[PDB]
Every structure is written in C-alpha cells, then in structure tokens.
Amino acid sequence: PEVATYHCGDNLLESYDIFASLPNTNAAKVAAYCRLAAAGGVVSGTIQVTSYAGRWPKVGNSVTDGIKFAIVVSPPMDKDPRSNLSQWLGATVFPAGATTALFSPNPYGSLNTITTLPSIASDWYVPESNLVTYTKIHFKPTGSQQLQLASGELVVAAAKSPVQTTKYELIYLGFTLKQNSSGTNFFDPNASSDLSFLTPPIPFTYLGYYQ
C-alpha cells in the first residue's frame, strides 16, 4: 500500500506496562506510545514516554548520571512473540493486513550496522557508545519542576536479539534526559514517588522494507 501506519502503546499514557532496560542491570516500567507512518520504504514516526520515581530503582544520582533507559519497538512481534522485549500489547496496522514487515529497519541497510542485544531478556540495555550505529535527535523533556529537566537525546538503532526466531529487525530507542545541577535526584530513595518525566512525541525517520 502507498501509506501504512503502525501504532502500539497507550496514547493516554496511563498504562505503565511497558518494560524499559536501564544501565547496570536494571529495569523500570513506563507508559509509552509509538506511531509510525511508512511511505515509499521510508518510515517516519514518533515515540512518547512517561514514568515516575515510584517505578524506578534507587541507585545512582540522576543529576550526575542522567536518566537513561531504552525501549524496543518490535514490529515483527505478531509472527515472532519472543521479539517483544518491551512487552507491548499488540499493534494496530492500517490498512488491515498490510504486512508488519514494512516497519522493520531495512535488511540490506542493517547488514553490519545492526546491534545484537544481550540475550538475557530482562537486561538488554546497551550504552550509546557500544551501539554499532545510530541516529541522534535532540529534544527537551518536561516533568516535575524540582527535577529541573534541561534536555534529552534519543538514539535510534537497528537491533536484533539472539532469542528471536525471525529475520526481521527491531528498533532500539535509547534515551538520555539531563537535569540542571540544582535538580533533585530522581533515584533518591526518599524522593517523592510522584516525581515524573514526560517527553514530547519525539520524531524519527529510518529506512524500512521496500520492493
């Protein structure tokens, strides 16, 4: 089809059922929404993510370390359930019965540029500097005023997992949010549970499957 769309997650950002990998062997739940539009083999889309201190492990200092996490968008999860690393709930593609293949990173482009994720499925975070390749987008997130969020980066990488049973690539999205030095520490064990961050829908583009 000429234009196809794909979405997963909760557009109201109220279901904290999405799995994020954090640095140093950690995990957190977030609410997220993803929309992709594919035309002519080129895919443009947005990701939007939110979470609060209550879901987050209590190690490190967010002011010095940044708030870092990653999620995986997995278009072939309909035919390869093991690829659903972020534990999404099941997409809507339009028009119905457009293949999800359209939203996987291009296979020819992915050769030798793809990141192979750690194969333990509760711990697939990869620091920016060990990603094989990526594209970088700059944005500003918002959140509780005391966090003093100043900026953020998104990296978009083509990825695969050894646990996958199919040929189709995934999209790894790594996030880094930064605070002004006077912000409070998000990872502080006595920090209020209700401290939260919320990104805008961050746009990205990549090459998908084509004829």
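One-based numbering along the sequence shown.
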Item checked: Segment of higher mean CA temperature factor, 151 to 159 or 23 to 31 -> 23 to 31
Check: Where do the C-alpha atoms have the higher mean temperature factor in this entry, in 82 to 90 or in 119 to 127?
Finding: 119 to 127
Notebook entry, point to check: Which of these has the highest Cα B-factor in the record: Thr64, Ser44, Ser51, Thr142?
Noted result: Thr64
Note to self: Looking at the C-alpha B-factor values in the deposited entry, which of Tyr172, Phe186, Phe175, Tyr168 comes out highest?
What the structure shows: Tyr168
Note to self: Is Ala191 in the lowest, middle or highest third of its chain when residues are ranked by C-alpha B-factor?
What the structure shows: highest
Margin query: Using only modelled residues of the chain, where does the Cα B factor of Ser15 rank: lowest third, middle third or highest third?
Written below: highest
Check: Based on the entry's values, in what third of the chain does the Cα temperature factor of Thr113 lie: lowest, middle or highest?
Finding: middle
Item checked: CA B-factor ranking of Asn106, expressed as a third of its chain -> middle
Next item on the list: Would you please rank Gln211 by its C-alpha temperature factor against the other modelled residues of its chain and give the third it falls in: lowest, middle or highest?
Entry: highest
